[PDB]
């Protein structure tokens, strides 16, 4: 045991496969906000969602356009990539999710729709948790679909909780609790509720009865319950940002997350300053707020050239998609905010 046996540490890069998604400067989209043609995935393709749809692995990748030059801020839209094996992908030439002239225009224009996480219910409802970015405030929002093409936007996930106290709260990166039912990964119901880990600067736990309206759990003082916080001198010393949906295992609820390392003595000098390395935490299956154990070293780190340097020069392995397909686990992640890559974990040797 290099890591505790509850951890899914053995994620390996499949040979000659990565990047699975790269920018395409030739594809075009008519943007309903810009009211003009946009090369919607021409600068960077990263931070992806992943789910199983009709026997295929579907990756919904965050794509940034060339609306500005270099440093200049761009719009995020989601591309659609599909695979039969989870390694080789085909792509749609238009985005499937983007800012539009809809009920969410004040919250999504001009930054767009970022960093999605998708999970599906037992009855086939795909639930997407993403960031709304209007360059003023980041908000965690909900969208649902049955085919991953036609999406219904419901707005911020914490809009109604405690009389609308957190509607203007800076939120993002949500990991819904899922479980395997007859080899199929579905949204899990614990104590008659739905559960999620969410956060960037710390991890909070939120619950729902309808998958649309989420309620952040609060302490005695009415402040967010922090079940995971950054740790000084560790790889997750700056940020503890939730990764893909959480998965219930025989040992408890497994949460795969992204740790940002602080620059200097406040971080872990063994890992690159300001880089994102992936970690894992184990929570109690009956009480998802109860932490059992956590990795003190990352299980996944930037190793390839496209992982170590890109739009984000300190590098990332920003884990955000996780699927169980043909008896293996496929982990989809952003590479230095520029590419999409996959790692494979075979739990059966």
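Numbering follows the first chain given and starts at 1.
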Selected stretch [higher average CA B-factor]: 231-239 or 112-120: 231-239
- prompt: Mean C-alpha B factor from the entry: is it higher for 221-229 or for 89-97?
  reply: 221-229
query: Looking at 249, 137, 272, 258, which has the highest CA B-factor as recorded?
result: 137
- prompt: Highest CA temperature factor in the entry: which of 253, 78, 129, 265?
  reply: 265
Chain thirds of CA B-factor: placement of residue 66: highest
statement: residue 211: CA temperature factor from the record, placed by chain third, in the highest
- request: For residue 125, return the chain-relative third of its C-alpha B-factor as stated in the PDB record: lowest, middle or highest.
  value: middle
message: Looking at the temperature factor on the CA atom of residue 45, which third of the chain's modelled residues does it land in?
response: lowest
field: Among modelled residues of the same chain, the CA temperature factor third for residue 192
entry: highest
